[PDB]
Structure formats: structure tokens, C-alpha cells
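Asker: Here you go, one structure.
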Amino acid sequence: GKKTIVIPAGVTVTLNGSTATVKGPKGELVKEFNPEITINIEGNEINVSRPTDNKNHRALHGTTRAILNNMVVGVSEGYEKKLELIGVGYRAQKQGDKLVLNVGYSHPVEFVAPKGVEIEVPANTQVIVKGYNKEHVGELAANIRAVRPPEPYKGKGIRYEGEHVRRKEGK
Amino acid sequence: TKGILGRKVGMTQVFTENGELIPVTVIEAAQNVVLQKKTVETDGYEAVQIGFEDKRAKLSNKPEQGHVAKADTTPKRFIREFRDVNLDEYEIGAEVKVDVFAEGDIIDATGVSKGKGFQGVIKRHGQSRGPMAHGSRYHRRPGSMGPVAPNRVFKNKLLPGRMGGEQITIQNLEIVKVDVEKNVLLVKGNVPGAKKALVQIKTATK
Amino acid sequence: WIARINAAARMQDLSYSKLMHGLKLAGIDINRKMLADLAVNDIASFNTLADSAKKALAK
Amino acid sequence: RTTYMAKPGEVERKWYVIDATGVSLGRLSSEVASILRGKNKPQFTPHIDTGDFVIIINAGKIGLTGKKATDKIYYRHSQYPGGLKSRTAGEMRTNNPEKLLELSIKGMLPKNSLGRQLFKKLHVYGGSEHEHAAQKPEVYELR
Amino acid sequence: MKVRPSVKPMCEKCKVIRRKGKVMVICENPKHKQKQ
RNA sequence: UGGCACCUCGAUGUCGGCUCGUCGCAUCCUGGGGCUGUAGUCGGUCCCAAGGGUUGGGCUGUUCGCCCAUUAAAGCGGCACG
RNA sequence: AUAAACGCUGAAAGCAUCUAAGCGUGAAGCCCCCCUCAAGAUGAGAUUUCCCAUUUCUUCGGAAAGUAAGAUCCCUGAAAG
Ligand SMILES: [Mg+2]
Ligand SMILES: [Mg+2]
Ligand SMILES: [Mg+2]
Ligand SMILES: [Mg+2]
Ligand SMILES: [Mg+2]
Ligand SMILES: [Mg+2]
Ligand SMILES: [Mg+2]
Ligand SMILES: [Mg+2]
Ligand SMILES: [Mg+2]
Ligand SMILES: [Mg+2]
Ligand SMILES: [Mg+2]
Ligand SMILES: [Mg+2]
Ligand SMILES: [Zn+2]
């Protein structure tokens, strides 16, 4: 909030009341806002304003700049979330678009790419999620990891790249 | 889905291919005719009207002569409606035959139960008797009618009354044999009602 | 009578509490029974009384 | 002596259209409950119906300040043992906006035989179009 | 999670926050999680 | 378990069992979850949850209790100790 | 659609945080799905079809008196009582 952002090449911004949209090479995004912030338009250093400066305005000041920063950078580079698989017999195929996981259950589990987020599986023990929406990309990775969270004894289960998995020593 | 109207004829048994023996119910389903189609624009709901048995012109009166004259058919005795059924079929005045069903289909039977008169608690509601000896004088009575505090007796305190005659439906009931020359349809099991009673057959809802 | 003077007084950008204060502050001693009679039958004169009430309030 | 009393049919009863978007539920109902009563006419008579007819449009945009959209509960009992049922005010506004405004106003009217008569004088529509254009109503601005 | 009317930190790594209008303690050690 | 003696002495029937139930949740079983001295099986404790379910006999007038045999479980209380 | 619970993005507070704005999962429980009653729901609903605009009196509300479509009294009965 109160900081500035830079429009990249190919990115367009139009505004309508509390509604804004961004068109870019990756795709297009749309969102609503609260009218009480009065987004500041510039040549490139778009920001917002705080007409009142009270408790419920400093909180709303920072979020608007941060998410528009996310929206603008989303169509320029994209967002990536990486996952790994630990445990013998834990290994995943890819049947076209559907994502198939063999995590020791008696049945396989199926996953489908949502609207505008793409799943790729480079190695059988690794999974990558990419898309032009940080909120959507983060949620999809959480659902995949939620199948079997890392158990604390042997590290078995899906995990991120930096989960400091708490470890115990049973028996 | 699909549906017809019929008359309960009786009960008997048949032998299957595997050798087992099962009881069946016999249904007479002659003279079904589609009389009227109800649309959302005209009525707000989708339905088809079926008439089952013709009857003598003396018994029919003037207002219902003109209702069936639109479909070009003789006056009928039973008229009912079927919902949640496709309307691309069912041209007005078309006959409805038993062969719309097949071997091993699953249907639902709806009818009116047999009538019993003024019945007591232990037959109507299946309650318990008091002791019949040991000096008691409580044999077939309702029971306590509630606590003292409310100064009244609550609702649904089950009590005597007229027992039968309500509409009952039985689900997931299989079909054994279908005959088109006799308009006879065999259902494995029991259906509510006495002999000669109307029975409404429809495809299973679940 | 009070509920009828109130309904008639609101049509002239006033209220009962702020109208009955104007009359006393101006010296008019007409009671409620007569005031309500004008508000229903001869509403033309009721406005003349209400105008004097507004003058007393301002000055 | 001589105090004027109205008679049934002597007072002309009008029709009013009230737009109810953004107004609080109880602030709207309080003013409407006195239009139907007849408390804005010098011809007021306590024992005679002398009010106006009211049409309410946009009943789905009514206001509910605070946590009333979830913490306000409407109860119903069917007089069978253990038959108490409840609905929140938030979903009632979403699904049945006409029932929410009728329940609010009905409790603001006298609880007698003539109070039921004034209730039948009220038409509430959740949308923005009313079926009473043949009566030629006017637009009433809330004070 | 320990649900008691006397939530307070136990170690040096404990933290006090507020979610959904109530006081709770979250810590790296799962035995230290408390809620009021 | 008690204290008081406010209605009832021109009558408010008092234990246990039978028939019939209905309500509260401080939950016995089943449903979801946090922590564990949670490796697995079996458990312990706490949070949400009242939808349904919650045994047949021997001894005693017995409520209760002890015992035999089962069950997913053999819940605690209010309704003039219904 | 939710409870407890677990999360995503995210600021107040340039970091962090499930919360403050916004989203995602999530109970034999809530509303539905299933079965039955239900327009006296005096807010008395809808559809298809049938009969039609007679005669005496009126000064006025309107009154009566033969009918139409239709029903009943009366009689033979049970699948009903
Ligand atoms: Mg019928
Ligand atoms: Mg006897
Ligand atoms: Mg006495
Ligand atoms: Mg509890
Ligand atoms: Mg459990
Ligand atoms: Mg546990
Ligand atoms: Mg229960
Ligand atoms: Mg013996
Ligand atoms: Mg006691
Ligand atoms: Mg007792
Ligand atoms: Mg009707
Ligand atoms: Mg016979
Ligand atoms: Zn700690």
C-alpha cells in the first residue's frame, strides 16, 4: 500500500466503478473492490488512496496495492507451486490431462485441472502446478497435498519443498 | 420414465429359468389412452393425463363427454396424471400398451389399501396388551395419556379410529412376465388394495 | 385531539411539540378541542394560526 | 357534543409505491405501519379504517445492519411436541423477501380485528415490478 | 488443543493471536496449542 | 441430605411394577476433528454433534445392588421423585 | 449451506499470521432428495369441459318462480361401513 507498480508491455488496465480488469499474454483477470479506496491512475505507477485514514482504511490500503501487484505480475510471468512424493510405492502417472496418484490407498485418486490452471508431472516423484492466478494456483496445490500430509515418523506423504516436517521417533 | 394404469386381478406363482419359485401379481392394463398434455406455459408443470377403462354412455355425463371428445375416444372411468415423464412422446389420443415395459424392469406400485372399520390401538398402532391374568383389569387399552403438568394431552397421542383406506406406494418391485395379447403384466410381490382395485404402475424413482 | 393537531401540523413543516410551544410564546389560548375542529373543517384558518406560531418561534 | 368522526367510505384512500433499497428493515416498516393506520390525516378516527394502500418493491435489497444477517432468527412452532423450526434473516431475505417484510410490519400493527384488516392492505414484491398498475399509484418518498 | 479459560504462553516460542474473536496460542510444539 | 413453614386438613391418594411416552445434554453406541507417553492393532483426553438406537434371566415388595448369558452400546436426569 | 477443524491469498504492522475485505475443503446434524396429508392457505389458487342469458313485479336497492348442465329423495347392494 502507498507503493507503486509498473505495467509491463502488452498489459492493459481498464476500470469501471469498483471493478477492474487486466489483459495480458497469459490471460485476463477480473475483480471487484470497495469504492472507498479510489485507485490512483498514473502513466505507469498505479496506486490507490486513503480518503479517510482510520482503522478500516489502513488495512484496506495495503491489500489493494498488493493484489493488483499480484494480478499484474500474474499475466507477465505466472505462478508456480512445486510438490514432491516420499515413500516406497508412492508414485504418480499422468493419463492425458487427469492426474493420477498412487499413495498407498486401495484405490487411485483423480485430479482435474481447473479453469486456467495447468498441472504437469515432470518426474514420477514430483508435481508442478502453474497458472495465471495466485489464489487459484495455491488452492490447487493444497488440495493435492491434502491427500496424505507428511506423517512425522518416516516423512511419508506429499510435501512442499520447504516444509520443516516435525520428526518423532516412535518406539 | 413410463407409466400405465391397471386393475388388480389376483395372485399366483411362477417358476423361473433357474428353477426357483416366486409369487407374482397379475395386472390388467387394457384401453389406456393419452387424453391431455400439460405444459409449463399453460399450467406451470409437465404432466400427461391417462384414462383407463371405457364405460357406458349412460353413466357418463355431458361435461366429460366433451373432455374426451378432444382426443376422439369414448368416456373413461379412471383418469390420473404422471409427472417427470418425457413429453416428446405421447401424442394426444395414442394408445398406451403394456409393452412399454420389459423383462426385469423395476417399477413402483401405488394404490389404496384395503379398508378396516373402527379399529383399536393394538391392531391399528401395534401396541402391547396388559396382563390377562393375575387379577388385572387392563387388557386392550391405550395407555397413559401423558404427564400432569401440561394440563392437556399432546398431539399424536395414538388412539383408535378408522384403520385402512389410505394411499400406499411400494418401491423397487420387479416385473416378471409381460403379455401383449392378453394385456397382462406380472409383478413379483404384493401391491396394495383388494381385487379389482386400481393400481398405478410407474418406473422406479430410485 | 392531540393526534389530529399533530397530523395537520406536520403538513406545514412543524410538529405538535414545536407548534404548541409557538402558540403559548405568542399568547394564543385556544384549547385542543377548538384547534382540532379547525384542522378538520376549516383548515384554511388553521394555517393562519400556524403562521403566527412560526413568527413567535423565530422572534 | 361536537367532535368530528369519520364514516366508512367517507375518506378517499390512495395508493402509494415505496422503493425499499438500502433502507433498514425496521426504519422502513415503522413509517409504513402508520401510513396504513391513517395517522397522517386530520380525519383520523380510532375505530374506523382510514389509511392508504402501500406497494413495496425491491424487497430483496432491504438493509440488515451488523450481524443481523446471521444472528437474527425467526421461530415457528407447529404445536406438535418438539416441532420448533427456525430460519435466519439472511437466507430469508435471499429466498423469500416478501415474507420478511410482512412479518416485520405485521408486528407493528394493532393486534385486534381491525389490525388484520390493515394487513390485507399491503402488497410486497421482491423484484422491481408490481401487478397493480391499473390502480395508478404514486411514488411516496420516505421522511 | 487445550480448551481452558486460562490461556497463557508456556515456552519462549509461544505466540498469542486472535481469530474469530477469541484468544488462542499457537506454537511450534503441538502440545502448546491452547484456545479460550 | 437439610433449613423455613408461604397454598392445600368443608380430603392435593402415598412406594414398587404394567401400558404410553415426551423433553434437556453435563454423550453410552454410531458421525466429524485437535493432542498423545499417537510405529501397527488396541487405547486415553478434549472440541462439534440429541438423527436414530440403547438386552434376556436367578435372589429380594424392593428403587438400588450382586450374579449367569449376550450386545455396536447396555447413558445421566426433568415432567406432582411423569 | 454449515459446526468443530484444516487451509489459499492478504494487510493493519514493507516481515509474519486461516481474518479485517475475499475465497476452498469439511459431520449420522440443518434445508433438500424419499413416503403421506394439505386452498376454510377467509391470502379461499390453476387447468380441460358443460349450461346459458326465460317469465311476473318493482319507485330503488332488488324480490319470486318454472327450468338448463347437474344432483338428490326412494330402491338392489359391497371391494365400503
Ligand atoms: Mg384422485
Ligand atoms: Mg380381565
Ligand atoms: Mg372442596
Ligand atoms: Mg456438548
Ligand atoms: Mg469419534
Ligand atoms: Mg481421538
Ligand atoms: Mg441422539
Ligand atoms: Mg426357580
Ligand atoms: Mg421432587
Ligand atoms: Mg410419582
Ligand atoms: Mg377453485
Ligand atoms: Mg359378490
Ligand atoms: Zn510454546
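Chain labels follow the order of the C-alpha cells: the first chain is A, the next B, and so on; residue numbering restarts at 1 in every chain, and ligands are counted from 1 in their shown order.
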Excluding stretch 1-15 of chain C and any residue of its chain fewer than 4 positions from it, enumerate the residues within 8 Å of it, using only C-alpha atoms (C1' of nucleotides), and give them as a ChimeraX atom specification.
Answerer: /C:19,32-33,35-36,39,47,50 /D:39-44
Asker: Would you save the residues from that selection as a CSV table (one decimal), in the first residue's frame, using N, CA, C and O atoms?
Answerer:
chain,number,residue,atom,x,y,z
C,19,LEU,N,-45.2,23.2,17.7
C,19,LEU,CA,-46.3,24.1,17.4
C,19,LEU,C,-46.9,24.7,18.7
C,19,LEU,O,-47.1,25.9,18.8
C,32,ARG,N,-57.3,22.5,22.8
C,32,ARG,CA,-57.1,21.4,21.9
C,32,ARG,C,-58.4,21.1,21.1
C,32,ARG,O,-58.4,20.8,19.9
C,33,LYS,N,-59.6,21.2,21.8
C,33,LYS,CA,-60.8,20.8,21.2
C,33,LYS,C,-61.2,21.8,20.1
C,33,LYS,O,-61.7,21.3,19.0
C,35,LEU,N,-58.9,23.7,18.5
C,35,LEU,CA,-57.8,23.6,17.5
C,35,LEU,C,-58.0,22.4,16.5
C,35,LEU,O,-57.8,22.5,15.3
C,36,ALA,N,-58.4,21.3,17.1
C,36,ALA,CA,-58.7,20.1,16.2
C,36,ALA,C,-59.9,20.4,15.3
C,36,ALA,O,-60.0,19.8,14.2
C,39,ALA,N,-58.7,22.1,12.2
C,39,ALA,CA,-57.8,21.3,11.4
C,39,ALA,C,-58.6,20.4,10.5
C,39,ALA,O,-58.1,19.9,9.5
C,47,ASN,N,-54.0,27.2,9.1
C,47,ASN,CA,-52.8,27.7,8.6
C,47,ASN,C,-52.5,29.1,9.1
C,47,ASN,O,-51.3,29.4,9.3
C,50,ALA,N,-51.1,28.7,12.4
C,50,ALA,CA,-49.7,28.1,12.4
C,50,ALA,C,-48.7,29.1,11.9
C,50,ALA,O,-47.5,29.1,12.3
D,39,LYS,N,-52.6,7.6,10.4
D,39,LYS,CA,-52.1,8.6,11.4
D,39,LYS,C,-51.5,9.8,10.7
D,39,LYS,O,-51.0,10.6,11.5
D,40,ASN,N,-51.6,10.0,9.4
D,40,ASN,CA,-51.2,11.2,8.8
D,40,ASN,C,-52.3,12.1,8.2
D,40,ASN,O,-52.1,12.9,7.4
D,41,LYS,N,-53.5,11.8,8.7
D,41,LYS,CA,-54.7,12.6,8.3
D,41,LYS,C,-55.4,13.2,9.5
D,41,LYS,O,-55.6,12.5,10.5
D,42,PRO,N,-55.8,14.5,9.3
D,42,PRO,CA,-56.6,15.1,10.4
D,42,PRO,C,-58.0,14.4,10.5
D,42,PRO,O,-58.6,14.5,11.6
D,43,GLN,N,-58.4,13.6,9.5
D,43,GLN,CA,-59.6,12.8,9.6
D,43,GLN,C,-59.5,11.5,10.4
D,43,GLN,O,-60.3,10.7,10.3
D,44,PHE,N,-58.4,11.4,11.1
D,44,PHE,CA,-58.1,10.2,11.9
D,44,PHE,C,-59.3,9.8,12.8
D,44,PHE,O,-59.8,10.7,13.5
Asker: Counting only C-alpha atoms (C1' of nucleotides) and all ligand atoms, what are the residues, protein, DNA or RNA alike, that approach ligand 9 to within 10 Å? I want them as a list in words.
Answerer: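 Sorted by chain and then by number, the residues are residues 78, 80 and 81 of chain F.
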Asker: Can I get the selection written as a PDB file, in the first residue's frame, with N, CA, C and O atoms (P, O5', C5', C4', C3', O3' and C1' of nucleotides)?
Answerer:
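New file out_18.pdb:
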ATOM      1  P     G F  78     -34.795 -36.625  38.178  1.00  0.00           P
ATOM      2  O5'   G F  78     -35.499 -35.547  37.249  1.00  0.00           O
ATOM      3  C5'   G F  78     -35.311 -34.161  37.477  1.00  0.00           C
ATOM      4  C4'   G F  78     -36.153 -33.327  36.548  1.00  0.00           C
ATOM      5  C3'   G F  78     -37.641 -33.625  36.539  1.00  0.00           C
ATOM      6  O3'   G F  78     -38.332 -33.025  37.616  1.00  0.00           O
ATOM      7  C1'   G F  78     -36.862 -33.433  34.323  1.00  0.00           C
ATOM      8  P     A F  80     -45.619 -33.420  36.839  1.00  0.00           P
ATOM      9  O5'   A F  80     -45.001 -34.087  38.144  1.00  0.00           O
ATOM     10  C5'   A F  80     -44.349 -33.300  39.132  1.00  0.00           C
ATOM     11  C4'   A F  80     -44.760 -33.677  40.536  1.00  0.00           C
ATOM     12  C3'   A F  80     -45.168 -35.131  40.757  1.00  0.00           C
ATOM     13  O3'   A F  80     -44.762 -35.517  42.067  1.00  0.00           O
ATOM     14  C1'   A F  80     -46.928 -33.720  41.404  1.00  0.00           C
ATOM     15  P     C F  81     -44.413 -37.043  42.417  1.00  0.00           P
ATOM     16  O5'   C F  81     -42.851 -37.010  42.690  1.00  0.00           O
ATOM     17  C5'   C F  81     -41.973 -36.359  41.789  1.00  0.00           C
ATOM     18  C4'   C F  81     -40.688 -37.124  41.626  1.00  0.00           C
ATOM     19  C3'   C F  81     -40.825 -38.555  41.135  1.00  0.00           C
ATOM     20  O3'   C F  81     -40.951 -38.629  39.725  1.00  0.00           O
ATOM     21  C1'   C F  81     -39.357 -38.482  42.989  1.00  0.00           C
TER      22        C F  81
END
Asker: What are the residues of chain F that have an atom within 9 Å of an atom of chain B, counting only C-alpha atoms (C1' of nucleotides), as a ChimeraX atom specification?
Answerer: /F:18-22,79-80,82
Asker: Let me see the file: selected residues, N, CA and C atoms (P, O5', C5', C4', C3', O3' and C1' of nucleotides), as a PDB file, in the first residue's frame.
Answerer:
ATOM      1  P     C F  18     -42.140 -52.536  34.538  1.00  0.00           P
ATOM      2  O5'   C F  18     -43.677 -52.723  34.173  1.00  0.00           O
ATOM      3  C5'   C F  18     -44.221 -54.015  33.952  1.00  0.00           C
ATOM      4  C4'   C F  18     -45.665 -53.948  33.523  1.00  0.00           C
ATOM      5  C3'   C F  18     -45.957 -53.143  32.270  1.00  0.00           C
ATOM      6  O3'   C F  18     -45.682 -53.859  31.080  1.00  0.00           O
ATOM      7  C1'   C F  18     -47.533 -52.612  33.945  1.00  0.00           C
ATOM      8  P     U F  19     -45.235 -53.079  29.754  1.00  0.00           P
ATOM      9  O5'   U F  19     -46.488 -52.172  29.398  1.00  0.00           O
ATOM     10  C5'   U F  19     -47.575 -52.686  28.646  1.00  0.00           C
ATOM     11  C4'   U F  19     -48.562 -51.601  28.300  1.00  0.00           C
ATOM     12  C3'   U F  19     -48.016 -50.416  27.521  1.00  0.00           C
ATOM     13  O3'   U F  19     -47.902 -50.654  26.132  1.00  0.00           O
ATOM     14  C1'   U F  19     -49.316 -49.635  29.317  1.00  0.00           C
ATOM     15  P     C F  20     -46.739 -49.937  25.293  1.00  0.00           P
ATOM     16  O5'   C F  20     -47.064 -48.390  25.433  1.00  0.00           O
ATOM     17  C5'   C F  20     -48.201 -47.828  24.803  1.00  0.00           C
ATOM     18  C4'   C F  20     -48.374 -46.375  25.161  1.00  0.00           C
ATOM     19  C3'   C F  20     -47.231 -45.452  24.802  1.00  0.00           C
ATOM     20  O3'   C F  20     -47.171 -45.120  23.430  1.00  0.00           O
ATOM     21  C1'   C F  20     -47.930 -44.983  26.989  1.00  0.00           C
ATOM     22  P     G F  21     -45.820 -45.393  22.612  1.00  0.00           P
ATOM     23  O5'   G F  21     -44.667 -45.136  23.678  1.00  0.00           O
ATOM     24  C5'   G F  21     -43.785 -44.031  23.555  1.00  0.00           C
ATOM     25  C4'   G F  21     -44.385 -42.778  24.142  1.00  0.00           C
ATOM     26  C3'   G F  21     -43.574 -41.506  23.994  1.00  0.00           C
ATOM     27  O3'   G F  21     -43.707 -40.929  22.708  1.00  0.00           O
ATOM     28  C1'   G F  21     -44.465 -41.655  26.187  1.00  0.00           C
ATOM     29  P     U F  22     -42.423 -40.376  21.925  1.00  0.00           P
ATOM     30  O5'   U F  22     -42.136 -38.962  22.594  1.00  0.00           O
ATOM     31  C5'   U F  22     -42.981 -37.852  22.339  1.00  0.00           C
ATOM     32  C4'   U F  22     -42.752 -36.743  23.333  1.00  0.00           C
ATOM     33  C3'   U F  22     -41.339 -36.193  23.407  1.00  0.00           C
ATOM     34  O3'   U F  22     -41.050 -35.257  22.389  1.00  0.00           O
ATOM     35  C1'   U F  22     -42.133 -36.597  25.584  1.00  0.00           C
ATOM     36  P     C F  79     -39.659 -33.707  38.197  1.00  0.00           P
ATOM     37  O5'   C F  79     -40.697 -33.623  36.996  1.00  0.00           O
ATOM     38  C5'   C F  79     -41.214 -32.374  36.564  1.00  0.00           C
ATOM     39  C4'   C F  79     -42.091 -32.533  35.350  1.00  0.00           C
ATOM     40  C3'   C F  79     -43.325 -33.399  35.533  1.00  0.00           C
ATOM     41  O3'   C F  79     -44.388 -32.676  36.128  1.00  0.00           O
ATOM     42  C1'   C F  79     -42.215 -33.990  33.523  1.00  0.00           C
ATOM     43  P     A F  80     -45.619 -33.420  36.839  1.00  0.00           P
ATOM     44  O5'   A F  80     -45.001 -34.087  38.144  1.00  0.00           O
ATOM     45  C5'   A F  80     -44.349 -33.300  39.132  1.00  0.00           C
ATOM     46  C4'   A F  80     -44.760 -33.677  40.536  1.00  0.00           C
ATOM     47  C3'   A F  80     -45.168 -35.131  40.757  1.00  0.00           C
ATOM     48  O3'   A F  80     -44.762 -35.517  42.067  1.00  0.00           O
ATOM     49  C1'   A F  80     -46.928 -33.720  41.404  1.00  0.00           C
ATOM     50  P     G F  82     -42.016 -39.617  39.043  1.00  0.00           P
ATOM     51  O5'   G F  82     -42.531 -38.807  37.777  1.00  0.00           O
ATOM     52  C5'   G F  82     -43.190 -37.558  37.917  1.00  0.00           C
ATOM     53  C4'   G F  82     -44.175 -37.341  36.799  1.00  0.00           C
ATOM     54  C3'   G F  82     -45.379 -38.268  36.794  1.00  0.00           C
ATOM     55  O3'   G F  82     -46.417 -37.797  37.632  1.00  0.00           O
ATOM     56  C1'   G F  82     -44.420 -38.195  34.632  1.00  0.00           C
TER      57        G F  82
END
Asker: From the list C:48, C:53, C:59, C:40, which residue is nearest chain D when using only C-alpha atoms?
Answerer: C:40
Asker: Please identify all polymer residues within 7 Å of residue A:46, counting only C-alpha atoms (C1' of nucleotides), omitting same-chain residues fewer than 4 positions from it, and present them as JSON, numbers by chain.
Answerer: {"A": [4, 5, 40, 41, 42]}
Asker: Mind dumping the selected residues with C-alpha atoms as a compact mmCIF listing (two decimals), in the first residue's frame?
Answerer:
# COMPACT_ATOMS: atom_id res chain seq x y z
CA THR A 4 3.91 1.71 -6.83
CA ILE A 5 3.64 -0.90 -9.58
CA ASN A 40 -4.85 6.24 -8.29
CA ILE A 41 -4.21 6.03 -12.03
CA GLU A 42 -0.85 7.15 -13.41
